[PDB]
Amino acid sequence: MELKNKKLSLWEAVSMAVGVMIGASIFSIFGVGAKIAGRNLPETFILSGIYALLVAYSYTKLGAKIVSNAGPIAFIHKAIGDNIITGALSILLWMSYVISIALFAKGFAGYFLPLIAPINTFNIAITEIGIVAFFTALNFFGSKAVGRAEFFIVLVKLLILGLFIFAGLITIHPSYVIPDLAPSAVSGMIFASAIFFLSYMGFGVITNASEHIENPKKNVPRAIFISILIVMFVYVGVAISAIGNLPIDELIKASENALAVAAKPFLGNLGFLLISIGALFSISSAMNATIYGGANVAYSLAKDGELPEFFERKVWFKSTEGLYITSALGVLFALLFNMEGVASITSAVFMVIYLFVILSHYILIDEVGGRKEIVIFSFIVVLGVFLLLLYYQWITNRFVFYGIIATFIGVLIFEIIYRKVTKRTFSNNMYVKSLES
C-alpha cells in the first residue's frame, strides 16, 4: 500500500515562516533593538535583510536541486559527506530551535504581564515555565488543533500590524525618525544587525518541511524568498511607526512590551489591547511551528541520521523523550540569560549553520549553479557579522560570550560522545528518492 504525507501549499509555507519571523522579531527582540540600535532600527532591519538574502542565495540554489526534510543537513552531507562536523551541525540545528523556544518564552511574558503584575526574576521564570509546559502538554491533546489555526493567526496579526502601520502614518513625528549619523549610533546600528540576523529565521521551518511541501524544488526556494521580503517591509513599516510615536528612551524603559505602549499615543487602549492580544497569539503560533514542525524534525534527524518517510508534522511524531529535553534546555536557556543573551546566542548558532550552507553551495556549485563571486562574498559578510557579534559580547556581556562559546563546544563534544556510543551515521537517504516512491 501507498502512504502519503499531508502537503503544504506555497502560501501555507510562506505563512508558516512569516509567522515565526514576526513572532521572533516584532514581538520578542524589539526591546533589545531599541537599546542598541535606537533610531537607527529601520536601517538595522534593512541591513539584517541584506545578510538574509545573501544566505538565501545559497539556500534557494541548494533547495532547488536537493529535496529533504533534513534541510541544511542534506546540503552539508551532499557536500562534505558523513563525519562529526555534519553530525554536530545537525545537533546545532536542533539547538537553534531549543534556544528559539526560550526567546519566544521571554517574548510571551513581556506581553502577558503588562496586559494582566510585577516584573522580576521569579515572576518571569513562572510565566516562562508555564507557557513552555503548556506546549509540552499540547502534544497530547491539541498541537494539531493549534496548527490548523496557525494560517489564520498569521493573517490576523498582519492586519493588526497593517493598521498599526497606516494609522501610525497620520500621527508620525518625522523628527524622531530621521537617521542618526554619530559613530556610536552607526556602530550601534551595525552591532544590532548582528543580533538581528535571527529576525529572518524562516530558513528552518521551510527546509525542515520541504518534503511536506507541494512541488518542493519550486516552492521551497520561492517560499524562502517571498517570506523574507514580506517580513522585511513589515519590519521597516512597523519600526518607523514605533519610533516616530514614542521617545526611544521610553521604549528602552518599556522594553518587554515595546509595541504595546507605542500604540497608546495614537490608538488608545483599543489599540494597546489589540497589539497585546495580537502579540500573544503571534508568539503562540510561532512556538507551535518551532516545536511541532522544526524541533521535532531536527531532533529525530540528529538522533537517527535520517527521518521517517511518513509522519505527522504537527505532533512530536517520534522519540518523545526529545520533547521533554527540548522543553527542558529551552527553560535552561531562558533562566540564565536575558533577552539580549538569548537573542545573541540564537543569531550565533544560526550564522554557523548558514556559514556551512554557503560552504556547501560553493563545494557543489557545479551541480547546483550560481556565481562563485557572490558565494565567496556571502561567506565573508556572514563571517564578519558573526565576529562582530562575538566581539560585542566579549566587551559588553562576557557571560554571554562564554555562553555562546560553550554551546558550540558542548554541541561538538556531545556529537563525539554520541557517535562513539550509538555509531549513528548520516546517509544520502536524506535526499535520494526512496525507489518505491
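A residue's number is simply how far along the shown sequence it sits, counting from 1.
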Practice problem: Might you work out how many residues are unmodelled in the deposited sequence between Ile116 and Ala117, and answer none, 1 to 3, 4 to 9, or 10 or more? | Solution: 1 to 3
Practice problem: Could you check which stretch, 36-44 or 58-66, carries the larger mean CA temperature factor in the entry? | Solution: 36-44
Practice problem: Mind pulling up the entry and telling me whether 204-212 or 103-111 has the higher mean Cα temperature factor? | Solution: 103-111
Quiz prompt | Out of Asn219, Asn288, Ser199, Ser241, residue topping the C-alpha B-factor column of the entry | solution = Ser241
Self-check item: Highest-ranked of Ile124, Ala88, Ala74, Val98 once sorted by CA temperature factor in the record
Solution: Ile124
Self-check item: Ranked against its chain, the third holding the CA B-factor of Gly147
Solution: middle
Quiz item: Against its chain's modelled residues, does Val297's Cα B factor rank lowest, middle or highest third?
Solution: lowest
Quiz prompt | Record-listed C-alpha B factor of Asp366: chain third | solution = middle
Quiz prompt | CA B-factor placement of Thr320, once the chain's modelled residues are sorted into thirds | solution = lowest
Quiz prompt | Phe141, C-alpha B-factor rank within chain (lowest, middle or highest third) | solution = middle
